[PDB]
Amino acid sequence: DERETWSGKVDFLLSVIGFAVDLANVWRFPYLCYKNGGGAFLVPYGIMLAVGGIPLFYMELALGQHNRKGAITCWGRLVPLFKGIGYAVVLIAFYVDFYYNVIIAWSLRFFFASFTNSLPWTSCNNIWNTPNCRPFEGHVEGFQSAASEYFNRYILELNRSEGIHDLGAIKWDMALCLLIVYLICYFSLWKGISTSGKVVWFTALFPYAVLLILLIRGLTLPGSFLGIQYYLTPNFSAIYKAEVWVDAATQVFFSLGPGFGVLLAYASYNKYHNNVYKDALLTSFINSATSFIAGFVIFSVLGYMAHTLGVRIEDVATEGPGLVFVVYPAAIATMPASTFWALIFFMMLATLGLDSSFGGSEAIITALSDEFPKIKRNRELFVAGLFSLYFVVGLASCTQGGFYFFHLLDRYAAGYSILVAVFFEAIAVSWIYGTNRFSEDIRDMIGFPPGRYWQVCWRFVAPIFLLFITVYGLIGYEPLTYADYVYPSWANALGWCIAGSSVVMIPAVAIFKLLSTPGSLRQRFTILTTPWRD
């Protein structure tokens, strides 16, 4: 007693729906369905989502609302030995904001350049173009498309950089976009969930408005059904594939936000007797549904290119920034009223990353605010200093070799770090803290205990599900490379430190305050294995 609270449920839901729904719902999910043989991929997707994904999503939102405090204090009051988990989780989201915000900037950059008629990326006639330029996507690497050379040779200017060691000059139009992004995030998270809850009303809802338009505009185009085939046409042969179950497991986990401390932070502002089990199920469904819907949006346009524009589906069907910043814009340029589709598309991409970035920063702020009252009393100054650190370091990704810096963090930062973090989150709650003890916490909140189905997934399924993704991730590991460029072995090591920077906090904090308390284990051990009972 006591803590600040939400402005009412729709704010919380939109914040969670906002954080959960990002570009991964767009440039990733639809691709996996295509690669994994269509609606058949939904089987391993739905299964991995039900047993592994939701229970983890449910779990964080539960004890997030129950303990009513940030990730650091929450795990400190839960399993003081594992408090380091809260530290790891927070600084993981700290690393992500160094890069992930760049995607929003790129979206704003394309938004500014899309004001004009005759969109710049529709022609090889321009000044930044190579003789190897093509009108649209192809096979051979040496020859790129028009929309591809615009992104690389104009916006990113990645051609100037020979690698990560050379970042080249700082691009200020790009630095301007990054600053604009950090400004929006500041006047959002400025006063906290008071303003934050209201802003997500736009950022969360807007993407669905544009999705509906592009969904209609896409299906109104020739060959749109051909794209839907490449999208949802079932191959159940992939069901027996190991990589398919891995991709479904991986996507389901990363699509939802568990382990980032974001859900934990957002839920901590909930009313104690609020029903999380309803919110968790609702939010989860809306997330996957959005990906499914967006899938039709992409492949409707993708199939359109294969039909009218005469390009192989294998070439135009892709994932990540390449899809949204290159492939899709290329199709929009061909359509009538090009400028309109381009403007709303790029605005959607920005609003898709914004509410996702809000939760990320909030996870840091809330976790720290509860831990340290000094930055709890001073808010506006803290977030100003935080985003200042982001912008300065973020200038590294605004350079000419910025993508090389971006791609380094993308792979290493949160990739292998959070899997082990959430694995300890699952083990701590289900075993150290115990399931029967956790189930009782939920009963006191929502009125009823979790079904034994949820108990089993937390204690057994989740841990195996996590190691399953982690084990195969390590076995299928390869040195970091982008395009024809291979990262130096020192660059790889620099990313493992970042990946280890978080994870190491868990055993570190476990050892640190293990030597702080008196007595002898088990006595010292049992003190840290006991929750906060007063």
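Numbers follow the displayed sequence, beginning with 1.
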Q: Averaging only over Cα atoms, indicate whether 441-449 or 235-243 has the higher B-factor in the PDB entry.
A: 235-243
Q: Taking the mean of the C-alpha B-factors per stretch from the entry, tell me the winner out of 143-151 and 368-376.
A: 368-376
Q. Whose CA atom has the top B-factor in the entry, of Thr318, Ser123, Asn436, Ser288?
A. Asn436
Q) Of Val393, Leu323, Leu354, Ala267, which one's C-alpha B factor is largest in the deposited record? A) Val393
Q: Comparing against every modelled residue in the chain, figure out the third that the C-alpha B-factor of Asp166 lands in (lowest, middle or highest).
A: highest
Q. Sorting the chain's CA B-factors, does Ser284 end up in the lowest, middle or highest third?
A. lowest
Q. Against its chain's modelled residues, does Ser417's Cα B factor rank lowest, middle or highest third?
A. highest
Q. Compared with the other modelled residues in the chain, in which third is the CA B-factor of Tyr472?
A. highest
Q. Once the chain's modelled residues are ordered by C-alpha B factor and cut into thirds, is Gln455 in the lowest, middle or highest one?
A. highest
